[PDB]
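Student: Have a look at this one.
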Amino acid sequence: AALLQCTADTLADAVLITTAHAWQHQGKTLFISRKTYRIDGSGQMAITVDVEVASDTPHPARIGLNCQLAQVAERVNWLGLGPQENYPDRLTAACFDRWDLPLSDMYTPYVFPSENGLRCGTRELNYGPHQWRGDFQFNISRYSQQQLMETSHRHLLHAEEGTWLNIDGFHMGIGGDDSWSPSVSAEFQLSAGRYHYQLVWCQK
Amino acid sequence: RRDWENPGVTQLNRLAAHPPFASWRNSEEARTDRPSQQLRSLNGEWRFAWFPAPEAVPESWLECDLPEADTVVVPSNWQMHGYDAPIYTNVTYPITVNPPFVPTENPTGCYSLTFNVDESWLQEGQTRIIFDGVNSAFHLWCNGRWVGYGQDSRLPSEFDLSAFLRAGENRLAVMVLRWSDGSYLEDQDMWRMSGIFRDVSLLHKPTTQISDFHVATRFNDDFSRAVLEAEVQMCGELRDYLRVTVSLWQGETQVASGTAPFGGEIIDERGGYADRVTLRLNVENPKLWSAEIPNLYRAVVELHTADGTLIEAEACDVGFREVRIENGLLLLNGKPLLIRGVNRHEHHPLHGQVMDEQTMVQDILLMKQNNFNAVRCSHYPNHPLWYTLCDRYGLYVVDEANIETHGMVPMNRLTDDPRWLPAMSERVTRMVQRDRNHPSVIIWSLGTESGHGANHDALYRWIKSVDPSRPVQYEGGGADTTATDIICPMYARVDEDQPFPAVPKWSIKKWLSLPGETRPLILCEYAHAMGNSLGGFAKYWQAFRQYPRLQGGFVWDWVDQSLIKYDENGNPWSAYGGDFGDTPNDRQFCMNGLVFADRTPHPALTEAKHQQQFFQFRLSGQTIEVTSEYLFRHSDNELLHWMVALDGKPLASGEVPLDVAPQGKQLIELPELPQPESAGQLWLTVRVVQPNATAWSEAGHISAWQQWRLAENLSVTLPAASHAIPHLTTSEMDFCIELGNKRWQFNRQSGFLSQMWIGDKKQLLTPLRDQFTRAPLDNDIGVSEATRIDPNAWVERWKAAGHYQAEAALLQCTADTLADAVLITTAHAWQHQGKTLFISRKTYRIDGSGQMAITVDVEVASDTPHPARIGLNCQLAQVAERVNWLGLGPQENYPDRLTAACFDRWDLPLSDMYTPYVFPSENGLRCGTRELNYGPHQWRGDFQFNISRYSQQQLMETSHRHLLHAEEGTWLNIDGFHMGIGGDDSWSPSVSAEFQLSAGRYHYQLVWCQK
Ligand SMILES: O=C1O[C@H](CO)[C@H](O)[C@H](O)[C@H]1O
Ligand SMILES: [Mg+2]
Ligand SMILES: [Mg+2]
Ligand SMILES: [Mg+2]
Ligand code: NA
Ligand code: NA
Ligand code: NA
Ligand code: NA
Ligand code: NA
């Protein structure tokens, strides 16, 4: 990530932070992320994200944000599709409702570790004192994406400090028509070029 | 005898049907198709008188010209001369349904002609009169004596006048009835007119004559050898010295010839036809006929004496081709066809249903120029010249019998009734007898919309028995009955089923594999082109190409059936149903064409041309793969032009000759491309150009094109921020932004940008507000009948939900000062009687560079019908001459109809950004636009837009385009999103799910600034 902009303005009843980053690889600008963070007097932080994706770079696996929370709570409560793991091209079975599960159930123990536990069509997520609102996809666990891709067997994974949260505005399909050739259908590939999503982070 | 109210009497004393005759008495004239002294035209000025009913016609008219009669031009429709009104009704019969009776008040057209006949014509031989088309029935008199009667408005009626004529002056008396029992079989969706609308002529034949002749061509497996079989029939006295010679010519070279006396082979216990003979000619390596290469030979049929004296000669153009269905595929010369067809009615805005060569040629040229290779004679046999033109220019033809009983209840009430079998059979058998020698005709049709009756099965078999060389199709009763060799549905969709009881319209892909089904499927009607339409056209062609047995279809239809009327100043305007006081009527439903009545193209025509292209392309790295969809010809008049441009700026281009065999592929390796400096998206555009002119196109004609996004370099270098800082002025009623001498005014009561100033000049006539509606397209209204409303139509759903009445409610309006700009935030709720339809949240950021960045996020209640659009609109004070934009164009294009449009820098006059659809509606949109320039304004982003002097309000309030008036300033509609236009049909919701704005939440951003 290469910082292009980072400003801060004081508004009538809030503080507005504006940023812009570009992800490059060997001189090639892969992505551009432009965000605004609006923190008002109610304590709510409204995050607006607009991403540009080079039309000639392979369509990205996801477009979101991530961070490792210091908090490690027993339960995860969300208003969205569930209760089980569901992805854009595999969510017909999931139902929209208020779900509450122990953190462990938010992780799918695939023998060969990979991205897992995602939940789509979520308007509200609650973890510890945190609450995220909007229209997003998310997965939450004690395992970072990095560890998952570097680990070959599930019994070799180790809970990291805190809880890793991945909040996606958009997420690519998982496919499966076969597992030895690209099988994600065009309609589930992130090829729009420009993406937008907004999230509100606050304490409950 | 009221013969016009008896389906049993379809004619009296009418001669047998037959192929086009000219009775040449010179073999050379026959070969070269020169005019014949024996075939005289009686077209020109005639005497005409209109009467309310046949009982009102004075008997003195049979022998003397009526002093009150007028002198009019024939052929013509008397409605076009104003004697009575033409009627436009779709399904409902124009007369009370009470077969076989018609109204006692039956408009009667009394035509009469005084002409000269030379004695030489009456001293020997036979003199017949030929009426190519009389609508709908008539009685004929000659010099006061009754000759005969005839029905079927679309086929010639011939009568022998040999014993009625006298040397010198003669007078014809023709009483044409507008309505007859024949009208029950002519319920086509078109203007209901009448009169002597096709040519009238006199033909002299020797007593001993050629009375009929059939030409057939069969081949071996590889078409390297053919046999031309010609059966010839004669009338008159048989003599042993009589002979028939059939010669086949290619240009001026005779390639084959055969001679023989009359006397066919033994056929049954009673012998054979002593008055017929069949000649068989062997042809090696014949040049084959196709729409691709319309090779034609000439066959001359000579009746003569053994010692060489010619009696008479007849002839026809011969196209060597085989049509057959094998293993579920329609094949022409052994190859599976892909029908790029269209339905075509014989219509002229001024002359009505009278056809002329110039209009016919114009249509064929436009059709071929727009990649059509086939036409359906919807829904009757056409003017005879039409087939001659199709044979020569090269178009596959579906010849259709003049039978449609759409208004009956049920639809097959007459066609299943043996009492109507005779009337129906003549409409079928006489068509075949007339056009069976035309190579362009490859399929026979039993008519249209008459349900499925036993009469159809009988006639289907009659054709199969009489002419095995052509498949027979018929859509009535479910499109796949036992009376059709081809599954020929009307408006069946690609993926979606329409399970109507009894006659469901299955997705065409699903239809092909229904248990036990094996026939090919070719839609006889699809992509209803009414008004702003043809949305989803590309979906049909992707399917046609992927599925072998989906062999195309015929678009409905070619030309708007609008008619010309004039205002008080003599200015002509396009009229439709009801504009002539005709009622009941189905208003604008008569206009469903790809081109306007004057043949000016509708935007949809370019979409058809592109999807029907004969060359397909694929790109891999720097290699272009060109695939030919031609079946017989090599690309010997094609060159590929390619060009790369960065945001409209030419970077590199070149040409490469195309040398692709039919169905073959050619790989073209593009040179090294100099990576551009500035950021932006590189676009590759290829076009196939025909360097040499053809019989149907001018040199340089573009027949195909395609575009691809190449490399893209995102702009990361932030622009040098200006030094100026916008200023915010706050009052109780407004938030005013000031930069230099520029001002932006936001009303605090309404929450909208109400005005903008460039010094002392105002920029808006109306505030900039959100818009979620569009003046309804014909597809939005969805009605095939003027009297039948519909709560399911998109327009009715939008109206009922209060979309057109939605009032904006300000929820918030704030202003904040930033380090280098002023930020305006607003939120509005659009509601209808307590129900919130949409919520719009916006932010306007004006910086020191004078740029106003507008961010718009909209919420759409899930339970409200999906909106027609999601954008903003305003009436600009300015009126500029040109419109310049970087986006899809140059022509009008919508989300489900923009594959033909190309991304580039376009620049047109304001007038061209408005499409003059006779029935006004939302129009002129251009999608995928990144920059728009008009006057001192420039909008940037990624939107769709239309700009004109007509507000959406006037458009939806006006029924005719000539009634539109330019408004002050210019109306601009900038949409972040716009709903598909649809068109699979225009009488039920047809916009596909993926083109409906159902996401619930939308986001789009625009930058407005001066230039
Ligand atoms: O099914 C049909 O649809 C068209 C609607 O314009 C027109 O009425 C055609 O003649 C008819 O065959
Ligand atoms: Mg009759
Ligand atoms: Mg009809
Ligand atoms: Mg001519
Ligand atoms: Na792994
Ligand atoms: Na096909
Ligand atoms: Na119509
Ligand atoms: Na060529
Ligand atoms: Na209108």
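If you're wondering about the labels, chains in the structure tokens are A, B, ... by order shown, residues count from 1 in each chain, ligands from 1 in order shown.
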Once you count only C-alpha atoms, what closest atom pair and distance in Å to one decimal does each residue of chain B within 9 Å of chain A have, with rows by chain and rising residue number, as CSV?
Tutor:
```
residue,atom,partner,partner_atom,distance
B:681,CA,A:55,CA,8.2
B:709,CA,A:55,CA,7.8
B:710,CA,A:56,CA,7.1
B:711,CA,A:56,CA,5.7
B:712,CA,A:54,CA,6.1
B:713,CA,A:54,CA,7.0
B:714,CA,A:29,CA,6.4
B:715,CA,A:29,CA,8.6
B:716,CA,A:22,CA,7.0
B:717,CA,A:4,CA,8.3
B:718,CA,A:4,CA,7.5
B:815,CA,A:12,CA,8.6
B:816,CA,A:11,CA,5.9
B:817,CA,A:11,CA,7.0
B:818,CA,A:9,CA,5.8
B:819,CA,A:9,CA,6.6
B:1003,CA,A:196,CA,7.1
B:1004,CA,A:196,CA,8.8
```
Student: Could you write out, as a list in words, all the residues of segment 531-633 of chain B that DSSP marks as helix (DSSP H, G or I)?
Tutor: residues 537, 538, 539, 540, 541, 542, 543, 544, 545, 546, 587, 588, 589, 590, 604, 605, 606, 607, 608, 609, 610 and 611 of chain B
Student: Can you work out which one of B:732, B:968, B:586, B:807 has the shortest atom-to-atom distance to ligand 1, counting only C-alpha atoms and all ligand atoms?
Tutor: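 Using only C-alpha atoms and all ligand atoms, ligand 1 sits closest to B:586.
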Student: Can you work out which residues are within 10 Å of ligand 4, considering only C-alpha atoms and all ligand atoms, and then hand them over as a list in words?
Tutor: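 Using only C-alpha atoms and all ligand atoms, everything at most 10 Å from ligand 4 comes to residues 34, 35, 357, 358 and 385 of chain B.
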Student: Could you take the residues named above and write them with N, CA and C atoms, as an mmCIF file, in the first residue's frame?
Tutor:
```
data_model
loop_
_atom_site.group_PDB
_atom_site.id
_atom_site.type_symbol
_atom_site.label_atom_id
_atom_site.label_comp_id
_atom_site.auth_asym_id
_atom_site.auth_seq_id
_atom_site.Cartn_x
_atom_site.Cartn_y
_atom_site.Cartn_z
ATOM 1 N N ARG B 34 -36.421 -9.599 -71.545
ATOM 2 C CA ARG B 34 -36.794 -8.275 -72.039
ATOM 3 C C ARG B 34 -38.311 -8.191 -72.001
ATOM 4 N N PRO B 35 -38.861 -6.975 -72.120
ATOM 5 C CA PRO B 35 -40.317 -6.836 -72.099
ATOM 6 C C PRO B 35 -40.953 -7.648 -73.226
ATOM 7 N N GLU B 357 -41.228 -0.984 -57.195
ATOM 8 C CA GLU B 357 -39.876 -1.524 -57.260
ATOM 9 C C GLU B 357 -38.855 -0.745 -56.433
ATOM 10 N N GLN B 358 -38.908 0.581 -56.512
ATOM 11 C CA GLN B 358 -37.966 1.427 -55.782
ATOM 12 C C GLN B 358 -37.997 1.175 -54.273
ATOM 13 N N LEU B 385 -42.898 -9.107 -58.150
ATOM 14 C CA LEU B 385 -41.540 -8.625 -58.346
ATOM 15 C C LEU B 385 -40.667 -8.908 -57.119
#
```
Student: Could you tell me how far atom CA of residue 186 of chain A lies from atom CA of residue 169 of chain A, in Å and to one decimal?
Tutor: 18.0 Å
Student: Please find the residues contacting ligand 1 at a distance of at most 8 Å between atoms, with only C-alpha atoms and all ligand atoms counted, and report them as a list in words.
Tutor: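 Those residues are residues 90, 91, 188, 189, 190, 378, 379, 448, 449, 490, 491, 525, 528, 530, 556, 557, 589, 590, 591, 592, 784, 985 and 986 of chain B.
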Student: Name each residue within 12 Å of ligand 2, counting only C-alpha atoms and all ligand atoms, as a PyMOL selection string.
Tutor: chain B and resi 1-12+99-102+136-139+149-152+177+179-185+419-420+422-424
Student: Measuring atom to atom with only C-alpha atoms, identify which of A:168, A:187, A:178, A:100 is nearest to residue 67 of chain A.
Tutor: A:168
Student: DSSP says strand (DSSP E or B) for which residues of segment 532-749 of chain B? Put them as a PyMOL selection string?
Tutor: chain B and resi 550-555+559+563-566+572-575+595+601+615-620+623-628+639-646+649-657+665-669+680-690+701-713+727-730+734-739+742-747
Student: Please write out the residues within 9 Å of ligand 8 as a list in words, counting only C-alpha atoms and all ligand atoms.
Tutor: residues 634, 635, 636, 637, 638, 639, 640, 657, 658, 659, 660, 690 and 691 of chain B
Student: Could you list the protein, DNA and RNA residues that have any atom within 10 Å of ligand 6, counting only C-alpha atoms and all ligand atoms, and write them as a list in words?
Tutor: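 My answer, listing the contacting residues, is residues 329, 336, 337, 338, 339, 520, 521, 522, 541, 542, 543, 544, 545, 546, 547, 548, 549, 550, 551 and 552 of chain B.
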Student: Write to file, as a PDB file, in the first residue's frame, the residues of the selection just made, with N, CA and C atoms.
Tutor:
```pdb
ATOM      1  N   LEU B 329     -31.736 -30.594 -38.370  1.00  0.00           N
ATOM      2  CA  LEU B 329     -31.166 -29.342 -38.874  1.00  0.00           C
ATOM      3  C   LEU B 329     -31.654 -28.960 -40.270  1.00  0.00           C
ATOM      4  N   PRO B 336     -25.898 -26.230 -42.500  1.00  0.00           N
ATOM      5  CA  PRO B 336     -26.920 -25.710 -41.585  1.00  0.00           C
ATOM      6  C   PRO B 336     -27.024 -24.189 -41.610  1.00  0.00           C
ATOM      7  N   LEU B 337     -28.191 -23.691 -41.992  1.00  0.00           N
ATOM      8  CA  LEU B 337     -28.420 -22.254 -42.067  1.00  0.00           C
ATOM      9  C   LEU B 337     -28.524 -21.598 -40.702  1.00  0.00           C
ATOM     10  N   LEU B 338     -28.298 -20.289 -40.688  1.00  0.00           N
ATOM     11  CA  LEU B 338     -28.453 -19.476 -39.490  1.00  0.00           C
ATOM     12  C   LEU B 338     -29.250 -18.298 -40.022  1.00  0.00           C
ATOM     13  N   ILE B 339     -30.551 -18.337 -39.777  1.00  0.00           N
ATOM     14  CA  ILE B 339     -31.465 -17.312 -40.253  1.00  0.00           C
ATOM     15  C   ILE B 339     -31.419 -15.962 -39.538  1.00  0.00           C
ATOM     16  N   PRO B 520     -35.809 -28.689 -35.956  1.00  0.00           N
ATOM     17  CA  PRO B 520     -35.031 -27.463 -35.783  1.00  0.00           C
ATOM     18  C   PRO B 520     -35.997 -26.372 -35.321  1.00  0.00           C
ATOM     19  N   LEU B 521     -35.485 -25.366 -34.624  1.00  0.00           N
ATOM     20  CA  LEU B 521     -36.338 -24.285 -34.154  1.00  0.00           C
ATOM     21  C   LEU B 521     -35.875 -22.948 -34.743  1.00  0.00           C
ATOM     22  N   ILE B 522     -36.799 -22.276 -35.417  1.00  0.00           N
ATOM     23  CA  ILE B 522     -36.535 -20.982 -36.034  1.00  0.00           C
ATOM     24  C   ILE B 522     -37.765 -20.141 -35.722  1.00  0.00           C
ATOM     25  N   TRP B 541     -28.955 -14.130 -30.006  1.00  0.00           N
ATOM     26  CA  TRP B 541     -27.846 -14.539 -30.856  1.00  0.00           C
ATOM     27  C   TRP B 541     -26.771 -15.372 -30.182  1.00  0.00           C
ATOM     28  N   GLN B 542     -26.558 -15.157 -28.891  1.00  0.00           N
ATOM     29  CA  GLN B 542     -25.588 -15.964 -28.166  1.00  0.00           C
ATOM     30  C   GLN B 542     -26.143 -17.401 -28.209  1.00  0.00           C
ATOM     31  N   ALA B 543     -27.445 -17.535 -27.971  1.00  0.00           N
ATOM     32  CA  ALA B 543     -28.101 -18.842 -27.978  1.00  0.00           C
ATOM     33  C   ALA B 543     -28.120 -19.469 -29.371  1.00  0.00           C
ATOM     34  N   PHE B 544     -28.434 -18.666 -30.385  1.00  0.00           N
ATOM     35  CA  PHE B 544     -28.470 -19.164 -31.759  1.00  0.00           C
ATOM     36  C   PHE B 544     -27.120 -19.773 -32.126  1.00  0.00           C
ATOM     37  N   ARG B 545     -26.047 -19.103 -31.717  1.00  0.00           N
ATOM     38  CA  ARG B 545     -24.697 -19.564 -32.018  1.00  0.00           C
ATOM     39  C   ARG B 545     -24.249 -20.765 -31.190  1.00  0.00           C
ATOM     40  N   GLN B 546     -24.713 -20.863 -29.950  1.00  0.00           N
ATOM     41  CA  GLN B 546     -24.314 -21.983 -29.102  1.00  0.00           C
ATOM     42  C   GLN B 546     -25.073 -23.273 -29.404  1.00  0.00           C
ATOM     43  N   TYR B 547     -26.334 -23.144 -29.804  1.00  0.00           N
ATOM     44  CA  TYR B 547     -27.172 -24.307 -30.090  1.00  0.00           C
ATOM     45  C   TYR B 547     -27.351 -24.593 -31.573  1.00  0.00           C
ATOM     46  N   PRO B 548     -26.836 -25.738 -32.049  1.00  0.00           N
ATOM     47  CA  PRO B 548     -26.961 -26.102 -33.461  1.00  0.00           C
ATOM     48  C   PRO B 548     -28.402 -26.058 -33.983  1.00  0.00           C
ATOM     49  N   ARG B 549     -29.337 -26.655 -33.247  1.00  0.00           N
ATOM     50  CA  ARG B 549     -30.731 -26.679 -33.687  1.00  0.00           C
ATOM     51  C   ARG B 549     -31.518 -25.369 -33.533  1.00  0.00           C
ATOM     52  N   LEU B 550     -30.920 -24.367 -32.895  1.00  0.00           N
ATOM     53  CA  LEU B 550     -31.567 -23.057 -32.802  1.00  0.00           C
ATOM     54  C   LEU B 550     -30.980 -22.381 -34.038  1.00  0.00           C
ATOM     55  N   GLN B 551     -31.755 -22.324 -35.115  1.00  0.00           N
ATOM     56  CA  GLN B 551     -31.235 -21.758 -36.348  1.00  0.00           C
ATOM     57  C   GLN B 551     -31.684 -20.351 -36.708  1.00  0.00           C
ATOM     58  N   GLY B 552     -32.003 -19.556 -35.694  1.00  0.00           N
ATOM     59  CA  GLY B 552     -32.383 -18.176 -35.936  1.00  0.00           C
ATOM     60  C   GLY B 552     -33.843 -17.811 -35.783  1.00  0.00           C
TER      61      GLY B 552
END
```
Student: Which residues are close to segment 59-65 of chain B, i.e. within 10 Å by only C-alpha atoms, leaving aside same-chain residues fewer than 2 positions away? Reply as a compact mmCIF listing (two decimals) with N, CA, C and O atoms, in the first residue's frame.
Tutor:
```txt
# COMPACT_ATOMS: atom_id res chain seq x y z
N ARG B 47 -61.25 5.38 -63.91
CA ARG B 47 -62.38 6.14 -63.42
C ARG B 47 -62.80 5.41 -62.14
O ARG B 47 -62.82 4.18 -62.09
N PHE B 48 -63.11 6.18 -61.09
CA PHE B 48 -63.49 5.60 -59.81
C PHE B 48 -64.69 6.29 -59.18
O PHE B 48 -64.83 7.51 -59.26
N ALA B 49 -65.54 5.49 -58.55
CA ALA B 49 -66.72 6.00 -57.87
C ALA B 49 -66.91 5.17 -56.61
O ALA B 49 -66.80 3.94 -56.64
N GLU B 55 -75.61 -2.56 -53.52
CA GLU B 55 -76.98 -2.33 -53.95
C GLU B 55 -77.20 -0.86 -54.29
O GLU B 55 -78.26 -0.48 -54.79
N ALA B 56 -76.20 -0.03 -54.02
CA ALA B 56 -76.30 1.39 -54.30
C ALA B 56 -75.72 1.72 -55.68
O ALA B 56 -75.88 2.83 -56.19
N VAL B 57 -75.04 0.74 -56.27
CA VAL B 57 -74.43 0.94 -57.59
C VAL B 57 -75.46 0.94 -58.71
O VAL B 57 -76.23 -0.01 -58.85
N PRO B 67 -70.82 10.17 -64.55
CA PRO B 67 -70.39 11.58 -64.60
C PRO B 67 -69.80 12.07 -63.28
O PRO B 67 -68.94 12.95 -63.27
N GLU B 68 -70.25 11.50 -62.17
CA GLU B 68 -69.76 11.91 -60.86
C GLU B 68 -68.46 11.22 -60.48
O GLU B 68 -67.79 11.63 -59.54
N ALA B 69 -68.10 10.17 -61.22
CA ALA B 69 -66.88 9.44 -60.93
C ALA B 69 -65.65 10.33 -61.08
O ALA B 69 -65.70 11.34 -61.78
N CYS B 110 -66.21 1.28 -57.36
CA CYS B 110 -66.49 1.04 -58.76
C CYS B 110 -65.40 1.59 -59.66
O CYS B 110 -65.32 2.80 -59.90
N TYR B 111 -64.54 0.70 -60.13
CA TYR B 111 -63.45 1.07 -61.02
C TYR B 111 -63.88 0.79 -62.46
O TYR B 111 -64.63 -0.14 -62.72
N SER B 112 -63.41 1.61 -63.39
CA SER B 112 -63.75 1.40 -64.79
C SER B 112 -62.63 1.93 -65.67
O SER B 112 -61.95 2.89 -65.32
N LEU B 113 -62.44 1.29 -66.82
CA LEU B 113 -61.39 1.70 -67.74
C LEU B 113 -61.81 1.52 -69.18
O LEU B 113 -62.34 0.48 -69.56
N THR B 114 -61.57 2.55 -69.98
CA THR B 114 -61.85 2.51 -71.41
C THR B 114 -60.48 2.41 -72.04
O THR B 114 -59.65 3.31 -71.91
N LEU B 140 -66.33 -8.69 -62.19
CA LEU B 140 -65.78 -8.08 -63.39
C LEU B 140 -66.76 -8.10 -64.56
O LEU B 140 -67.43 -9.10 -64.81
N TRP B 141 -66.84 -6.98 -65.27
CA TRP B 141 -67.70 -6.85 -66.44
C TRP B 141 -66.83 -6.31 -67.57
O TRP B 141 -65.88 -5.58 -67.33
N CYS B 142 -67.16 -6.69 -68.81
CA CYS B 142 -66.41 -6.21 -69.96
C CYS B 142 -67.42 -5.82 -71.03
O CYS B 142 -68.21 -6.65 -71.48
N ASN B 143 -67.38 -4.56 -71.43
CA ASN B 143 -68.30 -4.03 -72.42
C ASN B 143 -69.74 -4.36 -72.00
O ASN B 143 -70.60 -4.65 -72.84
N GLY B 144 -69.99 -4.33 -70.69
CA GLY B 144 -71.32 -4.59 -70.18
C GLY B 144 -71.67 -6.02 -69.83
O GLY B 144 -72.68 -6.27 -69.17
N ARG B 145 -70.86 -6.98 -70.28
CA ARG B 145 -71.13 -8.38 -69.99
C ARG B 145 -70.34 -8.86 -68.77
O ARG B 145 -69.16 -8.57 -68.64
N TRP B 146 -71.01 -9.60 -67.89
CA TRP B 146 -70.36 -10.12 -66.69
C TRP B 146 -69.37 -11.21 -67.06
O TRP B 146 -69.71 -12.16 -67.76
N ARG B 171 -64.48 -1.30 -72.61
CA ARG B 171 -64.60 -0.74 -71.28
C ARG B 171 -64.76 -1.82 -70.21
O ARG B 171 -65.61 -2.71 -70.33
N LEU B 172 -63.92 -1.73 -69.18
CA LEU B 172 -63.96 -2.67 -68.07
C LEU B 172 -64.71 -2.03 -66.91
O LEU B 172 -64.62 -0.82 -66.70
N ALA B 173 -65.46 -2.85 -66.18
CA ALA B 173 -66.21 -2.38 -65.03
C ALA B 173 -65.86 -3.34 -63.90
O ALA B 173 -66.13 -4.53 -63.98
N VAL B 174 -65.23 -2.82 -62.85
CA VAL B 174 -64.84 -3.65 -61.71
C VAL B 174 -65.46 -3.15 -60.42
O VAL B 174 -65.21 -2.03 -59.98
N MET B 175 -66.29 -4.00 -59.80
CA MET B 175 -66.93 -3.64 -58.55
C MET B 175 -66.18 -4.36 -57.42
O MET B 175 -66.29 -5.57 -57.27
```
Student: Smallest atom-to-atom distance to ligand 5: which of A:126, A:115, A:138, A:183, using only C-alpha atoms and all ligand atoms?
Tutor: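 Closest to ligand 5 of all the choices is A:115.
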Student: Produce a table with one row for each residue of chain B that has an atom at most 12 Å from any atom of ligand 9, each row naming the nearest atom pair and its distance in Å at one decimal; use only C-alpha atoms and all ligand atoms; arrange rows by chain and rising residue number; format as a Markdown table.
Tutor:
```
| residue | atom | partner | partner_atom_place_in_ligand_line | distance |
| --- | --- | --- | --- | --- |
| B:531 | CA | ligand 9 | 1 (Na) | 10.6 |
| B:532 | CA | ligand 9 | 1 (Na) | 11.5 |
| B:588 | CA | ligand 9 | 1 (Na) | 10.6 |
| B:774 | CA | ligand 9 | 1 (Na) | 10.3 |
| B:775 | CA | ligand 9 | 1 (Na) | 6.5 |
| B:776 | CA | ligand 9 | 1 (Na) | 6.8 |
| B:777 | CA | ligand 9 | 1 (Na) | 7.7 |
| B:778 | CA | ligand 9 | 1 (Na) | 8.6 |
| B:779 | CA | ligand 9 | 1 (Na) | 11.9 |
| B:780 | CA | ligand 9 | 1 (Na) | 11.0 |
| B:781 | CA | ligand 9 | 1 (Na) | 10.0 |
| B:795 | CA | ligand 9 | 1 (Na) | 11.8 |
| B:916 | CA | ligand 9 | 1 (Na) | 11.4 |
| B:917 | CA | ligand 9 | 1 (Na) | 9.4 |
| B:918 | CA | ligand 9 | 1 (Na) | 9.0 |
| B:919 | CA | ligand 9 | 1 (Na) | 5.6 |
| B:920 | CA | ligand 9 | 1 (Na) | 4.0 |
| B:921 | CA | ligand 9 | 1 (Na) | 4.8 |
| B:922 | CA | ligand 9 | 1 (Na) | 8.3 |
| B:923 | CA | ligand 9 | 1 (Na) | 10.7 |
| B:950 | CA | ligand 9 | 1 (Na) | 11.4 |
| B:951 | CA | ligand 9 | 1 (Na) | 11.2 |
| B:952 | CA | ligand 9 | 1 (Na) | 9.1 |
| B:953 | CA | ligand 9 | 1 (Na) | 8.9 |
| B:954 | CA | ligand 9 | 1 (Na) | 7.7 |
| B:955 | CA | ligand 9 | 1 (Na) | 4.9 |
| B:956 | CA | ligand 9 | 1 (Na) | 3.8 |
| B:957 | CA | ligand 9 | 1 (Na) | 5.4 |
| B:958 | CA | ligand 9 | 1 (Na) | 4.6 |
| B:959 | CA | ligand 9 | 1 (Na) | 4.7 |
| B:960 | CA | ligand 9 | 1 (Na) | 7.1 |
| B:961 | CA | ligand 9 | 1 (Na) | 8.4 |
| B:962 | CA | ligand 9 | 1 (Na) | 11.6 |
| B:963 | CA | ligand 9 | 1 (Na) | 10.4 |
| B:964 | CA | ligand 9 | 1 (Na) | 9.8 |
```
Student: Write a file of the just-selected residues containing C-alpha atoms, as a short mmCIF file (atom, residue, chain, number, x, y, z; two decimals), in the first residue's frame.
Tutor:
```cif
data_model
loop_
_atom_site.label_atom_id
_atom_site.label_comp_id
_atom_site.auth_asym_id
_atom_site.auth_seq_id
_atom_site.Cartn_x
_atom_site.Cartn_y
_atom_site.Cartn_z
CA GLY B 531 -40.66 1.98 -30.35
CA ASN B 532 -37.59 2.06 -28.11
CA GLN B 588 -49.63 2.74 -32.15
CA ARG B 774 -39.02 7.78 -17.36
CA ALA B 775 -41.68 8.66 -19.92
CA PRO B 776 -43.00 5.10 -20.54
CA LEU B 777 -41.68 3.18 -23.55
CA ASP B 778 -44.12 1.11 -25.58
CA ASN B 779 -42.66 -1.91 -23.76
CA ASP B 780 -43.38 -0.25 -20.39
CA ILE B 781 -47.03 0.26 -21.36
CA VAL B 795 -46.06 1.58 -16.17
CA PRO B 916 -38.02 10.75 -33.14
CA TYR B 917 -40.17 7.74 -32.25
CA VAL B 918 -43.66 8.44 -33.60
CA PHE B 919 -45.11 7.65 -30.15
CA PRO B 920 -42.96 9.77 -27.76
CA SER B 921 -41.14 8.18 -24.79
CA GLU B 922 -37.82 8.15 -22.94
CA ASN B 923 -35.18 8.14 -25.70
CA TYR B 950 -38.07 17.83 -24.30
CA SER B 951 -38.74 17.08 -20.65
CA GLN B 952 -39.74 13.60 -19.55
CA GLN B 953 -43.07 15.16 -18.62
CA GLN B 954 -43.90 16.43 -22.12
CA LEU B 955 -42.72 13.17 -23.68
CA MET B 956 -45.04 11.10 -21.51
CA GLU B 957 -47.91 13.55 -22.02
CA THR B 958 -47.62 13.68 -25.83
CA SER B 959 -49.01 10.93 -28.06
CA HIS B 960 -47.38 12.05 -31.34
CA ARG B 961 -43.91 13.40 -32.11
CA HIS B 962 -45.16 16.18 -34.40
CA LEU B 963 -47.00 17.54 -31.36
CA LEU B 964 -43.78 18.03 -29.37
#
```
